[PDB]
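> Structure provided below as structure tokens; questions to follow.
Because the Cβ atoms are built from the backbone with ideal geometry, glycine has one as well, and the counts that use them run over all protein chains shown. What is reported rests on the model, the rules as stated and the sources as named; these are not laboratory values.
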Ligand SMILES: *[C@@H]1O[C@H](CO)[C@@H](O)[C@H](O)[C@H]1NC(C)=O
Ligand SMILES: *[C@@H]1O[C@H](CO)[C@@H](O)[C@H](O)[C@H]1NC(C)=O
Ligand SMILES: *[C@@H]1O[C@H](CO)[C@@H](O)[C@H](O)[C@H]1NC(C)=O
Ligand SMILES: *[C@@H]1O[C@H](CO)[C@@H](O)[C@H](O)[C@H]1NC(C)=O
Ligand SMILES: [Cu+2]
Ligand SMILES: [Cu+2]
Ligand SMILES: [Mn+2]
Ligand SMILES: [Mn+2]
Ligand SMILES: [Xe]
Ligand SMILES: [Xe]
Ligand SMILES: [Xe]
Ligand SMILES: [Xe]
């Protein structure tokens, strides 16, 4: 019943807590769990299990990152035999994911800190309605290596929208290990933006409302087209596994599509997730220079996954999957409605109207039903709606949509005509600067296109000029396909030259002889605007290209490095690929960076309408012909479906 | 009841036919109507009519392009008084949109032409199962200016999928005025691809089918959220007018959004349509060198609009709008279900989960209902699904999706290993080359952002390096806004440098002082790969940039020129902008070129799954704040049961 790639259960978190506590009792040890996740089973074992799932036995192994007595420990546990197989101290740079508990403690410190109390009083602000939040500080060339954060504070009072009410102008640094403020500098007095009209909760808003949106009700006469057996999904011609990890968030594994013509299930994607985020702000002053969050490695995408609100975050009749996370003391926490799965209707699958045959009317239009797997991750002010969409046609469409709250920098300025220098953002409301920033996400995409042995092909589009009278045309374009030999050949800056980027299996061809493959259709690319030598850009060097390909390696999981808080950037994707390994006809992995540059506008305030992005992974000579040529539209059914 | 921008009614087409026949009787004149459309009412009159629609009287004026006795006539008619106001002969280069009737005659010619009959017999093909199609030939520097086309032929037999069964290797040129074949060269014998498994009609396919897709049934308890009064749509906070023209196809006009905070209807888009298409093939041999269709100007997007199939091309409960087109003799033809309007559910409008306030759980997620207006244009083998999507948030999202059939070049080659030279396409099936080609579409977007006096702003994102020790950061980015002064400043190649492109009203600002505007968020851009001096690229010079801005001019409607068939490219958007007019704080128009490079894959055969493209027009300081801050989700209703 339990699949080897399943997320950790309540029971497994408790056994981990127990096994680690046994070695390090809380009576004589300060013990904090900062990561508890499944140690990836060896791929060859997983592939053996797939073909004989009743026979192949894989032990559940757990990787744990724990701070014990102010030292970072890496602990591997075999849960079958309830033993610790290894326990090593991390000696390199960087620190684990911040825990929720230590943040909850850190944000109370300013409220009892006499210099903060005096700064607050001098501004005439109500101390009892201040909330603070912990921001990571990264690394800026210093040799000092301590677990410090910056604490920023905000007014609440008549609104819960705290992020639009900063108390701007105060430096507070807190050491999380010591749990105390180690630096304080009250620099500038800035007005706190009003609470008026910042409220986003319907219960706290007043009329008028509008425009009115008409309701819709719907029903599937034969129920859902997908079945979830534990974490294993069967839907239409697809099978895949839904996993979940406290750091990565959602993980799509073992994605295979049934080829009706060949009567065989065929692998596309062994493993797909978001490996890291990078959200660099563009305000170089003391107020914000340090704010370039790596959400996944600094806060945990899984740890920060929210409960989906039925009928809103997912359509009605969506099916929900609960997951478990853990707290700092190792206790499992139920995360209700962490993921949902639903079907989407209305799309045209394909069509043709034929009018070229005299005296014949021919038309055919068919519709598709698509599958969406959705999860939502909220880190502080940003909400990220993460979707994986599957289509019978074989396309997979990973998408990310952004909402939430702008990070506001407070200012005395009320109108644009008062601005006399670069504010490093747009004035989106009185006293409110929306600071310029980027969102970069990098996907790990372990394609095993019809098997593990794959290659990466760049199909360049090139212009040929005809000068020799051999045609009336002066020009045309044609393709020129190059196989990337090493990792340096697969570092692509999209938009420099026209090309299709394809992962193929060179060992498997269609009957006419084309290598089977999948191609990336990207959205308009964001490129880094920081300099390559800037400290946050070194740490976020995984954003240096839009696409990368590496040789598959178990231990290469996290693009910003295993330890991201205060990282020096000596363990990123950029660093790994300096080895310049061979990537021809072997197990390879694609990494794809997506992102936007955010120039805030007034529409983003006080809460922001969804901005949707997407890319498509499209079968490209994977099938002999259109895989949905023989796929029928869903039947028409008169309301109410009986 | 009749709005000035309404499409031509049956009655109006008949009056036009009558008026023109009365001056040019068919007893003494050869008369063909190639275009009959609404002569655009003057803008200042239309704006006056909007404010007083019961009082302002605009005469319906009709523009007609007719070939009369082998001369092209331009005829303007005032229908109120049933008179011809002007009748001028076109003396320049190029010819009108091909009529359906003359093509029907032209495609029969090969079947009675003894050299074709002999060429067909020599290949052993069944003459009674051959169908031919007329292809435009453009212009390639020759001084000759006649209405010729290339005729290509196809086998039918056990399939209606003719385009995948070419008879390749025969040149046939026919003069449409003379209605005869004026050139014939049988060059090469190529195998005709098999009919086997080319069928896309469900009634002509055999098992097995799959995967099974589950049905859905739906109902709106309070009916549709939109009303259509004639051609004027009211939905949510939008009003706009749906028009139709035999050349352009669908036209969206007078799009205004109600701003609840200001209690006022505010203009965004005066007029939006697809002005031209350009589909250059990349085979320079005698077989295809000439094939670079300008769909709209050569065949008519409106004339080529198909009837939408209920429940397939549009979801159930969509509302349909009939239009009229015309035949060559000027008779109105009813086009049932030419356009549909429906509402789309499921999207998150915005959300936030707040976890930063100790001991408080705060979450809010709202959904939006969006509006889709759809039409489908099929020219030969290509099907284009054209959508205009409106959102309560103010975004407009025009989209184009592509399906239909590949244009196949027949060949004796069965496997890729047999290929010894550039075939100018991919081998997608035995004997079947899918020839490389592009699709370029150009949109006319007459934004009148909260009024007619607008400017075009390029907000460049620039990297600044800090060297002088004033920050721990080495770098950041900021914005630099430049207003385009003249047309040369507004010719944008997207992807060269990072920037937001915004149309603003410089005379209207938000209370905090930002200019009201709308911004373009484009898809990954296609750029021309023909040389600029190639004959098709001169004719299609409107594709030379992704974005253009011109001063509003009534007569500048068609980006490839008024007369496209055999054009020399002396009347394109590129030519008009050599005037380099001023475009600061005045009535301006944006043109946006969208497109793809199509490298055919086997999945595209024998009929192709939908490839969807889109861009967003997003309000950018247009509103004081998030316009849907106070918009409530549609109410949830439980399935009633049985
Ligand atoms: C400060 O805030 C508290 C609520 O947390 C309120 O009871 C009190 O009256 C406030 N003080 C002032 C000066 O407004
Ligand atoms: C896997 O990658 C890491 C470095 O990123 C390295 O320590 C290890 O040797 C690699 N293993 C292989 C098989 O190359
Ligand atoms: C040619 O096709 C017709 C049907 O259009 C059929 O009746 C006839 O027998 C065919 N002849 C050959 C040579 O197959
Ligand atoms: C309006 O457009 C036409 C065609 O491009 C041109 O001949 C005319 O001069 C234009 N008006 C101005 C003032 O540019
Ligand atoms: Cu942002
Ligand atoms: Cu195409
Ligand atoms: Mn792989
Ligand atoms: Mn305008
Ligand atoms: Xe995004
Ligand atoms: Xe890919
Ligand atoms: Xe498209
Ligand atoms: Xe725009």
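> From the list B:480, B:532, pick out the single residue that is more than 16 Å from ligand 12 (Cβ to nearest atom) and within 30 Å of residue B:561 (Cβ to Cβ).
On the way: B:480 fails: within 30 Å of residue B:561 (Cβ to Cβ).
That would be B:532, the only listed residue that is more than 16 Å from ligand 12 (Cβ to nearest atom) and within 30 Å of residue B:561 (Cβ to Cβ).
> Which condition breaks for residue B:363 when tested against (1) surrounded by 22 or more Cβ atoms within 10 Å (Cβ to Cβ); (2) away from ligand 8 (no atom under 16 Å from the Cβ); (3) over 20 Å from residue A:362 (Cα atoms)?
Condition not satisfied by residue B:363: (1).
> Can I ask one more? Residue check, residue B:542 against (1) under 27 Å from residue A:284 (Cβ atoms); (2) assigned to a helix (DSSP H, G or I), all met but one. Which one?
Residue B:542 satisfies every listed condition except (1).
> Now for a separate question. Checking the structure you have, find out if any residue of the range A:403-426 is within 30 Å of the chain's Cα centre (by Cα) and closer than 30 Å to residue B:532 by Cβ. Write out each step before concluding.
Step one: list which residues in the range A:403-426 are within 30 Å of the chain's Cα centre (by Cα), which gives A:403-410, A:423-426.
In the following step, the residues that additionally are closer than 30 Å to residue B:532 by Cβ were identified as none.
The answer is no, given that none of the residues of the range A:403-426 is within 30 Å of the chain's Cα centre (by Cα) and closer than 30 Å to residue B:532 by Cβ.
> For the range A:528-561, name all the residues that are within 12 Å of another protein chain (Cβ to nearest Cβ) and surrounded by fewer than 20 Cβ atoms within 10 Å (Cβ to Cβ).
A:531, A:532, A:533
> Would you call residue B:565 surrounded by 21 or more Cβ atoms within 10 Å (Cβ to Cβ), more than 16 Å from ligand 12 (Cβ to nearest atom) and under 17 Å from residue B:96 (Cβ atoms)? Please lay out each step first, then the result.
On the way: surrounded by 21 or more Cβ atoms within 10 Å (Cβ to Cβ): yes; more than 16 Å from ligand 12 (Cβ to nearest atom): yes; under 17 Å from residue B:96 (Cβ atoms): yes.
When the stated conditions are applied, residue B:565 passes them.
> Taking the stated definitions as given, is residue B:60 touching a residue at least 24 places away in the same chain (Cβ under 8 Å), in the same structural domain as residue B:24 (by CATH), buried (at least 18 other Cβ atoms within 10 Å of the Cβ) and under 24 Å from residue B:275 (Cα atoms)? Lay out the reasoning, then the answer.
Working: touching a residue at least 24 places away in the same chain (Cβ under 8 Å): yes; in the same structural domain as residue B:24 (by CATH): yes; buried (at least 18 other Cβ atoms within 10 Å of the Cβ): yes; under 24 Å from residue B:275 (Cα atoms): yes.
The answer is yes for residue B:60.
> Also, quick follow-up: Can you tell me which residue is nearest to residue A:238 (Cα to Cα) among those in the range A:358-371 that are part of a strand (DSSP E or B) and facing another protein chain (nearest Cβ under 9 Å)? Can you show your working first?
As a first pass, look at the range A:358-371 and keep what is part of a strand (DSSP E or B): A:362-367, A:370-371.
Filter once more, so that each one left must be facing another protein chain (nearest Cβ under 9 Å): A:362-367.
On the way: A:362: 32, A:363: 29, A:364: 25, A:365: 23, A:366: 19, A:367: 18 Å.
Selected residue: A:367.
> Looking at the range B:134-244, what strands (runs of 3 or more DSSP E) fall wholly within it and have at least 1 residues that are touching a strand residue (DSSP E or B) at 6+ places or on another chain (Cβ under 8 Å), surrounded by fewer than 19 Cβ atoms within 10 Å (Cβ to Cβ) and away from chain A (no Cβ under 14 Å)? Show your work before the answer.
Details: elements: B:148-155, B:170-175, B:180-186, B:217-219, B:226-229, B:232-235.
Counting at least 1 such residues, we get B:170-175, B:180-186, B:226-229, B:232-235.
> In the range A:529-558, how many residues are over 26 Å from residue A:35 (Cα atoms) and within 18 Å of the chain's Cα centre (by Cα)?
Residues in the range A:529-558 being over 26 Å from residue A:35 (Cα atoms) and within 18 Å of the chain's Cα centre (by Cα): 5 in total.
> Oh, and also: Mind checking which residues of the range A:426-447 are buried (at least 22 other Cβ atoms within 10 Å of the Cβ) and at the interface with chain B (Cβ under 9 Å from one of its Cβ atoms)?
A:426, A:427, A:428, A:429, A:432, A:436, A:438 - these are the residues of the range A:426-447 that are buried (at least 22 other Cβ atoms within 10 Å of the Cβ) and at the interface with chain B (Cβ under 9 Å from one of its Cβ atoms).
> If I filter the range B:454-485 down to residues being more than 29 Å from residue A:286 (Cβ to Cβ) and touching a helix residue (DSSP H, G or I) at 6+ places or on another chain (Cβ under 9 Å), which single residue comes out as surrounded by the most Cβ atoms within 10 Å (Cβ to Cβ)? Don't jump to the end; show me each part of the working.
First, pick out the residues of the range B:454-485 that are more than 29 Å from residue A:286 (Cβ to Cβ): B:454-458, B:482-485.
Next, only the ones that are touching a helix residue (DSSP H, G or I) at 6+ places or on another chain (Cβ under 9 Å) stay: B:456, B:458, B:482-484.
Numbers: B:456: 25, B:458: 18, B:482: 12, B:483: 16, B:484: 20.
Out of the qualifying residues, it is B:456.
> Okay, moving on. Scan A:400, A:413 and give me the residue that is away from ligand 1 (no atom under 16 Å from the Cβ) and part of a strand (DSSP E or B).
Numbers: A:413 fails: part of a strand (DSSP E or B).
Every option except A:400 fails the conditions.
> Separate question: For the range A:534-558, how many residues are within 25 Å of residue A:455 (Cα to Cα) and more than 16 Å from ligand 7 (Cβ to nearest atom)? Before you say what the answer is, go through the steps one by one.
From the range A:534-558, those within 25 Å of residue A:455 (Cα to Cα) are A:541-558; that's our starting set.
Next, only the ones that are more than 16 Å from ligand 7 (Cβ to nearest atom) stay: A:541-546, A:558.
Of the residues in the range A:534-558, 7 are within 25 Å of residue A:455 (Cα to Cα) and more than 16 Å from ligand 7 (Cβ to nearest atom).
> Kindly evaluate residue A:626 against the criterion of being within 16 Å of ligand 6 (Cβ to nearest atom), touching a residue at least 60 places away in the same chain (Cβ under 8 Å) and over 16 Å from residue A:547 (Cα atoms). First the steps, then the outcome.
Working: within 16 Å of ligand 6 (Cβ to nearest atom): yes; touching a residue at least 60 places away in the same chain (Cβ under 8 Å): yes; over 16 Å from residue A:547 (Cα atoms): yes.
Spelling it out, residue A:626 is indeed within 16 Å of ligand 6 (Cβ to nearest atom), touching a residue at least 60 places away in the same chain (Cβ under 8 Å) and over 16 Å from residue A:547 (Cα atoms).
> Okay, moving on. Restricting to the range A:568-618, and then to whatever is assigned to a helix (DSSP H, G or I) and facing chain B (nearest Cβ under 10 Å), can you tell me which residue is farthest from ligand 2 (Cβ to nearest atom)?
Keep residues of the range A:568-618 that are assigned to a helix (DSSP H, G or I), which gives A:573-579, A:602-604.
Narrowing further to those that are facing chain B (nearest Cβ under 10 Å): A:602-604.
Numbers: A:602: 45, A:603: 43, A:604: 39 Å.
Looking at the filtered set, the residue picked out is A:602.
> Further question on the same structure: Is it the case that the range B:438-447 has a residue that's more than 16 Å from ligand 4 (Cβ to nearest atom), part of a loop (DSSP other than H, G, I, E, B) and touching a residue at least 60 places away in the same chain (Cβ under 8 Å)? Explain how you work it out, then say what you get.
Narrowing the range B:438-447 to residues more than 16 Å from ligand 4 (Cβ to nearest atom): B:438-441, B:443, B:445, B:447.
Adding the requirement that they be part of a loop (DSSP other than H, G, I, E, B) leaves none.
No, the range B:438-447 contains no residue that is more than 16 Å from ligand 4 (Cβ to nearest atom), part of a loop (DSSP other than H, G, I, E, B) and touching a residue at least 60 places away in the same chain (Cβ under 8 Å).
> Taking helices (runs of 4 or more DSSP H) that fall entirely within the range B:30-133, which contain at least 3 residues that are closer than 30 Å to residue B:164 by Cβ and away from ligand 2 (no atom under 16 Å from the Cβ)? Steps first, please.
Details: elements: B:43-51, B:100-106, B:114-123.
Filter on the range B:30-133 gives B:100-106, B:114-123.
> On to the next question. Residue A:518 versus (1) away from ligand 6 (no atom under 16 Å from the Cβ); (2) under 22 Å from the mean Cα position of the chain (by Cα); (3) facing chain B (nearest Cβ under 9 Å); (4) not in a loop (DSSP other than H, G, I, E, B): which is the lone unmet condition?
Every condition holds for residue A:518 apart from (3).
> What is the number of the single condition among (1) under 25 Å from the mean Cα position of the chain (by Cα); (2) within 16 Å of ligand 10 (Cβ to nearest atom) that residue A:571 does not meet?
(2)
> Checking the structure you have, find out if any residue of the range B:11-18 is assigned to a loop (DSSP other than H, G, I, E, B) and either in contact with a strand residue (DSSP E or B) (Cβ under 6 Å, 6 or more places away or on another chain) or surrounded by 14 or more Cβ atoms within 10 Å (Cβ to Cβ) (or both). Steps first, answer last, please.
Here is the first cut: in the range B:11-18, the ones assigned to a loop (DSSP other than H, G, I, E, B) are none.
No, there is no match, as no residue in the range B:11-18 is assigned to a loop (DSSP other than H, G, I, E, B) and either in contact with a strand residue (DSSP E or B) (Cβ under 6 Å, 6 or more places away or on another chain) or surrounded by 14 or more Cβ atoms within 10 Å (Cβ to Cβ) (or both).
> Of the residues B:420, B:414, which is surrounded by fewer than 21 Cβ atoms within 10 Å (Cβ to Cβ), facing chain A (nearest Cβ under 10 Å), more than 16 Å from ligand 3 (Cβ to nearest atom) and within 30 Å of residue A:464 (Cβ to Cβ)? Spell out the reasoning first.
On the way: B:420 fails: facing chain A (nearest Cβ under 10 Å).
Selected residue: B:414, the only one of B:420, B:414 that is surrounded by fewer than 21 Cβ atoms within 10 Å (Cβ to Cβ), facing chain A (nearest Cβ under 10 Å), more than 16 Å from ligand 3 (Cβ to nearest atom) and within 30 Å of residue A:464 (Cβ to Cβ).
> Return yes or no: is residue A:122 surrounded by fewer than 21 Cβ atoms within 10 Å (Cβ to Cβ), within 13 Å of chain B (Cβ to nearest Cβ) and more than 16 Å from ligand 6 (Cβ to nearest atom)?
Details: surrounded by fewer than 21 Cβ atoms within 10 Å (Cβ to Cβ): yes; within 13 Å of chain B (Cβ to nearest Cβ): no; more than 16 Å from ligand 6 (Cβ to nearest atom): yes.
So residue A:122 fails the test.
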